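Heads up, the thing below is written out as structure tokens.
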Amino acid sequence: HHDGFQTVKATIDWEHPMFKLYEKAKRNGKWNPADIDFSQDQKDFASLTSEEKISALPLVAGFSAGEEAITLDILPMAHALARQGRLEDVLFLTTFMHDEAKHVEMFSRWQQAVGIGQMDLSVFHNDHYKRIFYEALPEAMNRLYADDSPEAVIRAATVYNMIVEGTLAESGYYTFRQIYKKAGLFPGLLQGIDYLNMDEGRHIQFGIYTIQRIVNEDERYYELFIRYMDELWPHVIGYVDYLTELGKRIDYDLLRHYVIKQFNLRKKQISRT
Amino acid sequence: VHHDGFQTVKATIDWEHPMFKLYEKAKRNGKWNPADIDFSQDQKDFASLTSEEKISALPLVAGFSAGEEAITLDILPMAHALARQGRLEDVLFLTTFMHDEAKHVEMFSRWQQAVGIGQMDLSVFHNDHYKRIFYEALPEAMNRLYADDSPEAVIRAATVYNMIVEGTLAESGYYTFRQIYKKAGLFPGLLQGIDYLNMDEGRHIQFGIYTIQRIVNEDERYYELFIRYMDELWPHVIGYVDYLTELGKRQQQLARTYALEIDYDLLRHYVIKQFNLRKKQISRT
Ligand SMILES: CCCCCCCCCCCCCCCC(=O)O
Ligand SMILES: CCCCCCCCCCCCCCCC(=O)O
Ligand SMILES: [Fe+2]
Ligand SMILES: [Fe+2]
Ligand SMILES: [Fe+2]
Ligand SMILES: [Fe+2]
Ligand SMILES: [Mn+2]
Ligand SMILES: [Mn+2]
């Protein structure tokens with residue numbers, strides 16, 4: 001039951017950081033994936049050699065699955081914060097969710113346009129990928145229906161924001177750029193990736209805000225945060241090694257260092273105080 | 001529980017799904033930002049009213065602010081349930097639904113802030129009937145879906161929120177606010193807000209009808225449930241309406257300072273009109 005309503009008893013906290021992030025999201029979040037011209041992307045893909053055609057697909061499969069996952073899986077988080085009365089958080093998360101829907105849509109549209117929509121790209125998810133996306137992610141998010149303790153929220157934000165978006169996805173945008181914009185290939189996908197990377201700058205900020213406000217109440221949670229990151233590293237780098245083994249069949253030595261860099265950078269964005 | 005796989009890895013989005021088409025319309029037609037509305041004439045208009053004129057609109061604003069905030073919290077279980085059923089295109093659409101409702105909450109709260117009543121607690125205009133729908137039945141029917149996503153649970157949730165709250169009360173609210181404050185040349189920024197809001201809600205009702213009718217096509221037993229759930233809520237619908245009516249009648253200072261004939265019997269029949277129209281948008285097959 002609702003006890004009352006903040007915009008009836010009072011107003012929105014206009015000075016809340018997440019309400020300000022909400023405002024930014026409405027201003028900077030107007031792109032529509034339906035407007036992306038994929039026609040050159042189709043030609044590029046067709047002109048590729050089958051050996052080149054596959055080289056693209058592992059990454060797209062990682063992302064298509066990853067965006068769809070978070071679209072389905074943020075909803076428990078939004079619900080738990082709604083139940084705690086954090087209205088400005090909820091306002092922000094509606095932009096988060098619609099961003100992610102556009103992300104799902106964009107990769108799906110590219111798949112469709114280059115002609116691989118009928119292809120099942122699950123074959124490029126290895127065990128380590130499945131551990132993160134098929135298992136740990138939904139596990140940590142769905143927990144929050146029955147357990148919204150600080151430890152549960154921090155574990156979900158760490159998994160979704162610091163590992164999935166902040167290590168794997170950040171590293172993936174960089175990989176796409178380091179490979180295809182140099183080549184002059186796939187300009188519509190790279191356009192989408194650029195819009196998406198803008199969106200994701202906001203998403204990481206909600207995650208930092210969330211993890212940090214909890215850490216602030218008890219620095220015991222800081223060590224929780226680090227432990228959770230390290231728990232998932234073996235699957236992060238297991239996936240990366242799987243993908244680097246594939247491409248060698250571009251210095252994957254560099255992209256495997258960018259992943260390592262991102263992971264440590266994300267750890268540093270949270271302070272013990 | 002874990003994901004089996006992902007539709008946009010095995011396949012693609014179902015581009016011909018009607019909820020995808022509705023998602024596409026939502027993106028194209030849902031660009032308005034309440035932060036852009038000019039409330040300066042509203043703040044002056046509100047200040048130009050007496051204490052007694054000043055309140056005639058607040059009961060409506062309190063019903064609206066509470067209603068928009070409730071659904072912002074209470075749609076989330078519905079989106080989760082459909083996500084669990086693999087209804088990806090529904091979920092995509094629902095991201096626009098939820099973001100719309102966020103803007104609706106924001107708009108009324110901006111208006112309250114700008115006209116100067118942010119500090120005033122407007123809960124006093126929620127009578128027991130209002131509470132039974134918005135403080136109780138709405139969240140009960142939605143939160144159910146976390147543990148019971150059966151067709152009958154989904155019908156009930158869509159009926160409460162989409163057919164009653166949006167399609168009866170909110171549709172009547174927009175009419176009332178037009179029949180009164182557009183005729184009074186009052187609160188232009190609020191009515192611009194309400195215009196945009198009402199456009200949003202045309203899509204929301206289409207999702208609710210799609211959802212209810214989808215379930216009724218599986219089995220007609222469910223048509224009767226829809227009618228019964230509509231009927232179980234009518235008394236609170238009309239209980240709130242009578243209450244809002246008796247308020248307006250005894251604070252009639254704004255009606256005659258602005259030479260308006262506010263017909264609280266016409267407004268009452270429009271509510272009844274919306275209720276039955278909503279029944280007619282669901283067919284037994
Ligand atoms: C060979 C170098 C490795 C490059 C790393 C690529 C990893 C693929 C990206 C998958 C994660 C995408 C998750 C979406 C996050 C979000 O939607 O916020
Ligand atoms: C005297 C005339 C009575 C008219 C009825 C007025 C009722 C106020 C409506 C408040 C509910 C608003 C819910 C909005 C639903 C949505 O945002 O989708
Ligand atoms: Fe994201
Ligand atoms: Fe391994
Ligand atoms: Fe709505
Ligand atoms: Fe009563
Ligand atoms: Mn994303
Ligand atoms: Mn609304």
Side-chain angles (χ1 to χ4, degrees), chain A residues 18 59 62-63 65-67 69-70 72-74 76-77 80-81 89 93 96 100 125-144 147-175 197 199-244 252-273, chain B residues 2-3:
Chain A
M18 296 298 103
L59 277 169
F63 263 108
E67 307 298 337
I70 176 59
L72 307 176
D73 284 352
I74 193 72
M77 171 70 79
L81 299 173
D89 286 38
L93 282 164
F96 184 117
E100 302 301 10
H125 300 163
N126 69 331
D127 68 324
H128 286 294
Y129 187 96
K130 284 173 174 175
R131 179 61 220 163
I132 295 170
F133 287 88
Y134 288 55
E135 298 186 16
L137 169 57
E139 273 177 18
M141 303 304 303
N142 275 277
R143 179 172 168 188
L144 304 170
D147 172 12
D148 72 339
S149 68
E151 157 195 335
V153 174
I154 210 161
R155 169 101 182 125
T158 306
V159 173
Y160 101 75
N161 188 51
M162 304 318 238
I163 298 304
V164 162
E165 301 176 327
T167 302
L168 287 169
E170 285 303 326
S171 291
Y173 315 137
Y174 180 80
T175 304
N197 196 174
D199 290 346
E200 298 292 333
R202 292 188 304 276
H203 298 184
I204 292 168
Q205 286 189 250
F206 168 84
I208 288 162
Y209 173 76
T210 294
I211 285 158
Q212 182 76 64
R213 80 165 161 84
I214 294 170
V215 168
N216 278 1
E217 294 173 85
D218 181 359
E219 80 299 353
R220 131 177 182 245
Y221 295 121
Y222 178 86
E223 338 301 314
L224 285 218
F225 161 72
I226 300 296
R227 179 172 322 126
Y228 296 142
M229 300 281 274
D230 297 341
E231 274 180 46
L232 291 152
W233 178 251
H235 309 296
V236 169
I237 197 72
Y239 182 50
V240 183
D241 293 337
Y242 166 76
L243 286 177
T244 53
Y252 295 99
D253 261 18
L254 186 85
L255 309 165
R256 180 186 197 279
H257 282 45
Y258 192 93
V259 174
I260 292 175
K261 193 174 65 188
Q262 297 305 289
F263 177 88
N264 292 316
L265 287 181
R266 289 323 156 244
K267 296 173 121 179
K268 292 184 88 254
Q269 295 191 280
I270 304 301
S271 59
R272 197 178 318 256
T273 170
Chain B
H2 301 172
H3 298 294

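Computed from heavy atoms alone, side chains included, the values below leave out hydrogens, waters and symmetry copies. So you know, we letter chains A, B, ... as the sequences are listed, proteins then strands, and number each from 1.
When all heavy atoms of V215(A) and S271(A) are compared, the closest pair comes out as CG1-O, 3.3 Å. Taking all atoms of both residues into account, the shortest heavy-atom contact from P76(A) to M141(A) is CB-O, 3.0 Å. Taking both residues in full, the closest heavy atoms of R143(A) and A140(A) are given as CB-O, 3.6 Å, listed atom of the first, atom of the second, then distance. In terms of heavy-atom proximity, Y129(A) sits nearest to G66(A) at OH-N, 3.2 Å.
Among residue pairs with one or both ends in residues 233-243 of chain A, those qualifying as salt bridge (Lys or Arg N to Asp or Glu O under 4.0 Å) are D241(A)-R256(A); sequence neighbours excluded.
Listed for the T167(A) side chain is a donor-acceptor partner under 3.5 Å among the backbone atoms of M162(A). Judged by distance alone, with hydrogens and angles left aside, the side-chain atoms of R131(A) form no donor-acceptor pair with the main-chain N or O of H235(A) at under 3.5 Å. A distance-only check finds no donor-acceptor pair linking the side chain of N161(A) to the backbone of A157(A) [under 3.5 Å]. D218(A) contributes no side-chain N or O that, together with a main-chain N or O of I214(A), makes up a donor-acceptor pair within less than 3.5 Å.
Note that CG of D148(A) and CE of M77(A) are 10.5 Å apart. Values are rounded to the nearest 0.5 Å. Interatomic distance, CD of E139(A) versus CD1 of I132(A), reported as 12.5 Å (0.5 Å rounding). Atom CD1 of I74(A) and atom CZ of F96(A) lie 4.0 Å apart (nearest 0.5 Å). Going from atom CD1 of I70(A) over to atom CD of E100(A) covers 5.5 Å, rounded to the nearest 0.5 Å. With rounding to the nearest 0.5 Å, the separation of OG1 in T244(A) from OH in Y252(A) is 8.5 Å. Atom CG of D73(A) and atom CG of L137(A) lie 4.5 Å apart (nearest 0.5 Å).
Using a 4.5 Å cut-off on side-chain heavy atoms (C-beta onward), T210(A) and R213(A) make contact. Between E219(A) and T273(A), the closest side-chain pair of non-hydrogen atoms is not below 4.5 Å. The closest side-chain heavy-atom distance from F133(A) to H3(B) is not below 4.5 Å. Between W233(A) and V236(A), the closest side-chain pair of non-hydrogen atoms falls below 4.5 Å. Put simply, the side chain of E170(A) does not reach to within 4.5 Å of the side chain of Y174(A), judged on heavy atoms. Within the 4.5 Å cutoff, the side chain of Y228(A) has no heavy atoms near those of the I211(A) side chain. You'll find the side chain of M18(A) reaches within 4.5 Å of the side chain of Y209(A), heavy atoms only. Side chains of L224(A) and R155(A) form no contact here, defined as non-hydrogen atoms less than 4.5 Å apart.
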(request) Walk me through it: do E165(A) and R266(A) pass the test salt bridge (charged side-chain N to carboxylate O under 4.0 Å, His left out)? (result) CA-CA 10 Å; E165(A) 301 176 327; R266(A) 289 323 156 244; over 6 Å; no
(request) Show the numbers, then the answer: is there a side-chain contact (heavy atoms from CB on, under 4.5 Å) between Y134(A) and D127(A)? (result) CA-CA 10 Å; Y134(A) 288 55; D127(A) 68 324; over 6 Å; no
(message) For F63(A) and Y173(A): C-alpha separation, side-chain torsions, deciding distance, then whether ring pair (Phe, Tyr, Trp, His ring centres under 6.0 Å) applies.
(response) CA-CA 10 Å; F63(A) 263 108; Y173(A) 315 137; 5.3 Å; yes
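Ring geometry for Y222(A) versus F225(A): interplanar angle of 30 to 60°, hence tilted. In this structure, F206(A) and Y160(A) have tilted ring planes: the angle between them lies in the 30° to 60° band.
Shown here is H257(A), whose NE2 atom has no more than 12 heavy atoms of other residues, nucleotides or ligands within 6.0 Å.
Take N216(A) and apply the side chain to side chain contact (heavy atoms under 4.5 Å, CB included) test, not counting sequence neighbours, and it matches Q212(A).
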